[PDB]
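First the structure, in the form of structure tokens, and then the observations on it.
In order of appearance the chains are A, B, C, D and E, and numbering begins at 1 in each one.
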Amino acid sequence: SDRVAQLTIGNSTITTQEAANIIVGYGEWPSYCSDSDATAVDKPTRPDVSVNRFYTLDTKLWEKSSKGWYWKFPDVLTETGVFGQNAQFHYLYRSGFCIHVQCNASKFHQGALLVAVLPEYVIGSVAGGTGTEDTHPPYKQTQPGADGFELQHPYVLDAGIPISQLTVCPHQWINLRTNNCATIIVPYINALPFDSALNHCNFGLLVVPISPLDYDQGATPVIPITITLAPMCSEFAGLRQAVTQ
Amino acid sequence: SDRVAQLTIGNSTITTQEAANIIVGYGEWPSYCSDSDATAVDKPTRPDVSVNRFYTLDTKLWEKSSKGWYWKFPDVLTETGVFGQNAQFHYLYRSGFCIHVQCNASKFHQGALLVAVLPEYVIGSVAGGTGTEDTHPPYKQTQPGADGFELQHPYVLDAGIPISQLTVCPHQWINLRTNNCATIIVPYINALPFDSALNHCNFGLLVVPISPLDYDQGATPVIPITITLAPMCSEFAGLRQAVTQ
Amino acid sequence: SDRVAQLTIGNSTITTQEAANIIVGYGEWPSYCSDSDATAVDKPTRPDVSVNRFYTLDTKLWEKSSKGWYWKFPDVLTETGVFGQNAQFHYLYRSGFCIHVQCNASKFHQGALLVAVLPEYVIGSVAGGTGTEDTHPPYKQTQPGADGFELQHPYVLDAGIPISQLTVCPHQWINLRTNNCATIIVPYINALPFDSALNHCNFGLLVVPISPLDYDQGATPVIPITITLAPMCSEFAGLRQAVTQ
Amino acid sequence: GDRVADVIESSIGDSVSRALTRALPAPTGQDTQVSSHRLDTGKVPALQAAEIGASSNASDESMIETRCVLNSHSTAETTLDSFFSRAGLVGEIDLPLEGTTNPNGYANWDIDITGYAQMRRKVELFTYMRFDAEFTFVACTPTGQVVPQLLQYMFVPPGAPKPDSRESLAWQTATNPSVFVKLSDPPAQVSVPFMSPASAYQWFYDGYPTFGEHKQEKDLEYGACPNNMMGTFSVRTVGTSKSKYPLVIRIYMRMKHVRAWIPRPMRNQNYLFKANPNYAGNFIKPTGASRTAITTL
Amino acid sequence: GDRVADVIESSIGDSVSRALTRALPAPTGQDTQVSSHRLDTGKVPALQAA
């Protein structure tokens, strides 16, 4: 009654038979912007089912020596489908999200993934190691796209913040012994009712294996991690010609 | 609450801990012939517990290259116990059935059995391959007895009918990953209120493995399939001397 | 709802996820001595939480050739903690018990333990084999302490009583396929409202493997058996200087 | 007084014994009700779990198709008094003329019912037994002949002086109860109450009676229950001179008003000693008979 | 007559055919009702058992 679940939105349906309940980010469901909070005067467009659907963006292979990966939102969808088209044609952006991470193994595999959502996850550079060099992460690292990016130092999350305290953010654990999926529902987290879907990344999703994957030789060595996500209550405003980046 | 079941009838009890619900053939429980449907004037005999009991008739070994088997009803019981004695001594026959197929394996075995009940399952011959020869199946093939008979061409069920459409008949699936038993309750299916239990076979039970059995070397290679069945609401009429065939 | 359980008493908590219900010895919960049953005139001391707690006394290794072990009560706790101190300082004794035997294995291990509580379990000697020698068991065998004692002839329980009838006493089965713990709650069983906690052993706990442990080579060969127990409604009376034995 | 919550709400002192079961009358065996074929899923009376330690509660109706039988078979004869209130041999006293055992014309028999397996196996089925006793003394010569001899049976409670001779001063029986009968008379029969200091006799006492080191010399004290030492039985031939006839005296005990507690497995090995569960170590025999193969009768 | 319980309470002779289903009129194809996004756990219409 809590291990089996089915999430349907738009024209896509995601099922699961070994779920571990659903986390609502900060105990708040996604909702449309209230008229007392909106600041733009133009009437926003609400395409509804054409954008509020589960997008399966990429598949990452979990290995015994993996460090972890992170994705930026809504960067991952800035170039995907009708949602990406609307985000390119419209200046303003507002939506929630429903992130479903899939990672399935057998009863003889072991390992634990920490799936967390960190708002305004600003990536820092290693500052040339010693710290005397004022470097900045490249565009391909600050906005990795749909491929995500592999963490270099997951202990500090490449941002000087320990991962041991990452659980203060909305998070779920994919421990292969019990559950093979993590569901996090994240409302719009920003200091503004609307923001640019290209320049600003509202939050970053982190998938870091805390307990290394292990299995005896002979079992299936390819354990993929697949990210599936669906915007919720998406709004757009400030239409103009399309902008690619 | 649906995986564990116990069927008791007569003086026999069959239990199961990995059941997959019970199929009532055509949504109709076996019942005695109504006085507005009966045509014979003699009072039928209803031996009740002496014939309405679970008979375990034979055990077939499922192999990775098995084609499938079928049994004819009530041929399988024409020579078994008090039921067979009554069927031999009485001209007329009427009963339902409760067929319980047992096929148990481990969690590392795989395969799927299609257990279906096809009324008036007339077996045809291969017509000499080309089809220019007007052959008929032998007595040992049209009335195989308690040993059943192995299908030669399970794709056409040795009768020119595709097995892909066999599921339109009352059927259950024995998929070794979940369930190890199939229960089908079949009422009397005939155009007559009574019929001869020797000459006419009301229906045929088919057990055909659709997905071949597989397992790594080392596991138990003998996976038996056992048929257990119990007539329901059996009636008999037209008593005379016993007739063996 | 019956397989998961948690027993908390005093400042100790014991949990279990593969329990097999709880046996109350002779259908009677431990209770304090009634004023119509008490015979001593001094006011008994009831230390409560300082003695009514789960004591983990020793760990025995189950092997494929093990014969069985038994413990004597409250001998096992005569030298353990505040309970042992009170039992040494006080002449009289009265308490119930809650015995929790832990024996955990994997789904590929097999074996069955019979955990029973036999009141006034008097140990006899082999009488020199032939029976012409009037021997008595040594002190280390009649009062084994916290280490228990390994049975020499578990068939007769070293007392001339068949183990096949041992199930008439409060008992539970640790069959590794289903459950990994046995819980027995034993009230005070004696012909006296109070008795000496040093001289008299109210009951003996028997852990005898009826079906030998087995597993294929490669699995974990060390299968420990751990006894955890908690006195219930303990009373003490007749305080004097401490007595060690 | 009580002001702290952990004391006010404390369950300490609750002396009521919560009993999950209550005795119900059952004069006859349980009736069998009508049952029919039952074909349902989810609910299964046949599959049980002896793992729990409880006897399976599946009934006849829940397994096979049964008829309606009104069982009027009485359960009276299996009760404790019906099972135990039958006199059986518990002790034998020999009074020879010339011998080494009792050549003095008297014999002291320490009261214990563990000397004969017939009685011992029955009584040893339960750990604690509380009952009255009725003792009958059948005396006769070794040839089974009755002779005109007058005897005295004395009950000697623990602590009373044990007679040491046929003319000892203890035979004055000024306080001890004594029975004077002749062999020609019917066997003497008296009723003995429950005299144990404990609330019930205990046949097995897993402990020691006194503190201290239990060395080899102080090793026979294991298993001896002072609460079962009901005293000594003294018998003598009433006279100053030696009796003319040799006598053997058999004492039969019959319990009544029996109450029993804590059933235990019934003995399956030959008894060796009084008040001792010792068994022949090398001669351990199976409880039942054996057969050549398990697949054949 | 009938005096034994196994005969008095017997279901022998019950000629009514217990039908778990009953025919319902369906002149046209079934209508499609409005549905919205549904994100809940424990309850799952998609997963079935053939």
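Annotations
Everything that follows uses one rule, which is that a contact is a pair of C-beta atoms (placed from the backbone, for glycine too) under 8 Å apart; a residue touches a chain by one contact, two chains touch by 3 or more.
The chains that touch both subunit B and subunit C are D. Every chain gets a centre from its CA atoms, and the centre nearest the mean of all protein CA atoms is that of C. One inter-chain figure worth recording: subunit A and subunit C are separated by 55 Å, centre to centre, where each centre is the mean of the chain's CA atoms.
Centres computed as Cα averages put subunit C at a distance of 26 Å from subunit D. Between the Cα centres of subunit D and subunit E there is a gap of 63 Å. Taking each chain's centre as the mean of its C-alpha atoms, subunit A lies 44 Å from subunit E.
Under the contact rule defined at the top, the touching pairs of chains are A-E, B-D, B-E, C-D, D-E.
Across the interface of their complex, subunit D is touched by residues 1-13, 15, 17, 19, 21-22, 49, 52, 98, 185, 232 of subunit B. On the side of subunit C, the complex with subunit D involves touching residues 20-21, 23-24, 26-29, 31-35, 46, 48, 72, 118-131, 134-137, 139, 142, 153, 155-157, 159-173, 175, 178-179, 182, 184, 187, 189, 191-192, 196, 198-204, 243, 245. On the subunit D side of its complex with subunit B, the touching residues are 37-47, 62-65. By the touch rule above, subunit B contacts subunit E in their complex via residues 20, 24, 27-29, 31-35, 46, 48, 173, 178, 187.
Of all residues in subunit D, only 10, 12-21, 49-54, 127-128, 198-202, 204-211, 214, 219-220, 222-223, 227, 262-273, 276-284, 286-287 touch subunit C in the complex they form.
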